[PDB]
Amino acid sequence: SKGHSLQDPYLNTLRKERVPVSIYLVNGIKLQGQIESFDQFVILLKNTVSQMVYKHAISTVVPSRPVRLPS
Amino acid sequence: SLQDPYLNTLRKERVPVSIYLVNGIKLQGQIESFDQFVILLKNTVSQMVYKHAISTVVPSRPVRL
Amino acid sequence: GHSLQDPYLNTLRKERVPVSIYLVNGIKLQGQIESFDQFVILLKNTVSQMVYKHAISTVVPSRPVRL
Amino acid sequence: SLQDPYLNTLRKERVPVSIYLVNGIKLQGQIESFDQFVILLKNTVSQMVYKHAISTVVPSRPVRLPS
Amino acid sequence: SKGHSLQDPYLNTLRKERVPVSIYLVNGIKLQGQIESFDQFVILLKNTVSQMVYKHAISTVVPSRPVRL
Amino acid sequence: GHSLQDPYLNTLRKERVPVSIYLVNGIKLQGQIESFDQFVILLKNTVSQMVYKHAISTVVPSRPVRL
Ligand SMILES: Nc1ncnc2c1ncn2[C@@H]1O[C@H](COP(=O)(O)OP(=O)(O)NP(=O)(O)O)[C@@H](O)[C@H]1O
Ligand SMILES: Nc1ncnc2c1ncn2[C@@H]1O[C@H](COP(=O)(O)OP(=O)(O)NP(=O)(O)O)[C@@H](O)[C@H]1O
Ligand SMILES: Nc1ncnc2c1ncn2[C@@H]1O[C@H](COP(=O)(O)OP(=O)(O)NP(=O)(O)O)[C@@H](O)[C@H]1O
Ligand SMILES: Nc1ncnc2c1ncn2[C@@H]1O[C@H](COP(=O)(O)OP(=O)(O)O)[C@@H](O)[C@H]1O
Ligand SMILES: Nc1ncnc2c1ncn2[C@@H]1O[C@H](COP(=O)(O)OP(=O)(O)O)[C@@H](O)[C@H]1O
Ligand SMILES: Nc1ncnc2c1ncn2[C@@H]1O[C@H](COP(=O)(O)OP(=O)(O)O)[C@@H](O)[C@H]1O
Ligand SMILES: Nc1ncnc2[nH]cnc12
């Protein structure tokens, strides 16, 4: 329940398995696509182009299917 | 010091919570896990919620410390 | 940054002063400060809900408070 | 090194101010006290305003600016 | 570029030159004036009275005319 | 860390790629990235302007960047 011991494995699994996600922004806008990569502050989401979403503007990330969770 | 043992308890006892977001949206479910920056909330699929986007975590029944 | 914040919150906590917490989205929560740390405040009423400080705009006691 | 002396000037001279919050709310009163994260705004009661919720501090009259 | 290596010079230039700016806040509100001074966390915006603006509440700083670093 | 944000922004800059920058309040800005630091981006064209990153939600390149 500490560090990034949750967020990183999670995003990585989404990326590795190319799971389609919805990313809801803090203003309620919804983005959809696949996680191409990410770092400590941003997530790169694919579709028409690969856009760079700032984590500070994201509220939730909702995978289109259940997925392995971090250990 | 308060946040962790608190979230810990909600997770452990599997108490259904309402998570209200900074824009007013209400999310509902059970807390599977959480780390320093995010909380994993469980329903149909488990979704990842950034804490910076949360205003309040409201348990649907009272708990202790 | 907790040289005014902490004693202020602790005073509200020890004396159980009824307070309103207003959120950045305008939701007004009412109750009392059960407890707090560096990042959240635990506000009591029906249940005790955990409030993220980053989401708070103001804390408004129902009555004036010493310090 | 600028924020501090400014706020302190508003405090010492008891200048009436409007504080606009990031959501557009306008609070009025005077700066009673402050630390790194919050401002104690006095009027009906003295409430605690988190600095992160604030967009601007606007004095009702021109005031000495920090040199 | 690292750190404040763009923000400080850019602001410090708008300051020195007394260029009229529009400052948009995260809520869509537009302030206008001249940058009197600034530090790590706030900008003092000068007009009828100077006002102290928290950088955290600002989205964009738009000069009234082109400026050169 | 910045192992992605920085090379991404620098590639946009060096290659003069047109971007649309969407702010947290839903307003969309367009132009080329002239410069950037850890905290702000300088956007240029029909109007030159300094953008705080904390107020940005997405940077959408008008064509794909290749690391
Ligand atoms: N100190 C505050 N912090 C954040 N929001 C406030 C505050 N005071 C008032 N508001 C909001 O702005 C609205 C207008 O307030 P107002 O009509 O002047 O009455 P008030 O005594 O200042 N607060 P209230 O007792 O809740 O009505 C209120 O209804 C609140 O929603
Ligand atoms: N030493 C300081 N001097 C002046 N302002 C500060 C200082 N430290 C933090 N702040 C402000 O207070 C906020 C930082 O507190 P923080 O614990 O990060 O909550 P927050 O994330 O800013 N709340 P929010 O922006 O609504 O998500 C920022 O807005 C800062 O601008
Ligand atoms: N210095 C400021 N900082 C943040 N918001 C402001 C500021 N000045 C005005 N506003 C906002 O702008 C709107 C109203 O301002 P405006 O129409 O320009 O005149 P006014 O503020 O109503 N005049 P007054 O309130 O009597 O000083 C409100 O939404 C305010 O929140
Ligand atoms: N998991 C979520 N995270 C953030 N916002 C959400 C989430 N689910 C729904 N919303 C928002 O809640 C609001 C209500 O719409 P809603 O009826 O829930 O749509 P839907 O049923 O397709 O999810 C919408 O604005 C939507 O963006
Ligand atoms: N360069 C900019 N930076 C940030 N916000 C902007 C910018 N230009 C326009 N806006 C915002 O767009 C919003 C739309 O308001 P509006 O009444 O249509 O005037 P305008 O079309 O000039 O923007 C405004 O609230 C303003 O905040
Ligand atoms: N890639 C994005 N990142 C952040 N916000 C976006 C993005 N794309 C669209 N939006 C938001 O969605 C809203 C409108 O969506 P959009 O369909 O693109 O507009 P339009 O209907 O004019 O084509 C805008 O207010 C904008 O803020
Ligand atoms: N954010 C919120 N919105 C509505 N009711 C609430 N009760 C506790 N927190 C709440």
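Reading guide: rules and limits
- Residues numbered from 1 in each chain as written, not as in the entry; some residues may be left out.
- Chains lettered and ligands numbered in written order.
- Heavy atoms only, no water.
- Residues with missing side-chain atoms left out of burial classes, pairs and counts.
- UniProt positions renumbered as here; feature names shortened; annotations may be inferred.
- Helix = DSSP H or I, 4+ residues; strand = E, 2+ residues; numbered from the N terminus.
- Near = heavy atom within 4 Å.
- Polar contact = N/O pair within 3.5 Å; in protein donor to acceptor, adjacent residues only side chain to side chain.
- Areas by Shrake-Rupley, 256 points an atom, 1.4 Å probe, with all protein chains shown as cover.
- Nonpolar A, V, L, I, M, F, W, Y, C, P; charged D, E, K, R; others polar.
- Contact = heavy atoms within 4.5 Å.
- Buried area = accessible area lost by both parts, 1.4 Å probe.

Caption draft 1: Representation of the UniProt feature "domain: Sm" in chain B within the structure. In the numbering used here, UniProt assigns the "domain: Sm" feature to residues 4–63 of chain B. Its end C-alpha atoms 14 Å apart, residues 4–63 of chain B is made of 15% helix and 50% strand.

Caption draft 2: Structural context of the site of ligand 6. Around ligand 6 sit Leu25, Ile29, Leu31 and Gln51 of chain A together with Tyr22, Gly26, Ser57, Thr58 and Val60 of chain F, and those are all the residues in its vicinity. With respect to ligand 6, the chains having nearby residues are chains A and F. Take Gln51 of chain A: an N or O atom from its side chain is 2.9 Å from a nitrogen atom of ligand 6. Protein coverage of the free-state accessible area of ligand 6, which is 540 Å², stands at 46%. Considering each element in turn, the shell around ligand 6 owes the most residues, three residues, to strand 5 (residues 56–61) of chain F. Grouping the constituent residues of the shell around ligand 6 by class yields five nonpolar, four polar and no charged.

Caption draft 3: Representation of the site of ligand 1 within the structure. Taken together, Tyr22, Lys28, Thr58 and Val60 of chain C together with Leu27 and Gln47 of chain D make up all the residues around ligand 1. In this structure, ligand 1 sits where chains C and D come together, each supplying nearby residues. At 2.6 Å from an oxygen atom of ligand 1 is found a side-chain nitrogen or oxygen belonging to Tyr22 of chain C. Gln47 of chain D has a polar side-chain atom sitting 3.0 Å from a nitrogen atom of ligand 1. Considered on its own, ligand 1 offers 560 Å² of accessible surface; in the complex 40% of this is hidden by protein.

Caption draft 4: Structural detail: the interface of chain B and chain A. Taken together, the contact between chain B and chain A spans 22 residues of the former and 26 residues of the latter. Each partner contributes to the roughly 1800 Å² buried at the junction of chain B and chain A, and carbon and sulfur atoms together form 65% of this total. For the pair chain B and chain A, the number of links is ten residue pairs in polar contact. Within the residue set of the side of chain B that touches chain A, elements represented by two or more residues are strand 2 (26–34), strand 3 (38–42) and strand 4 (46–50) of chain B.

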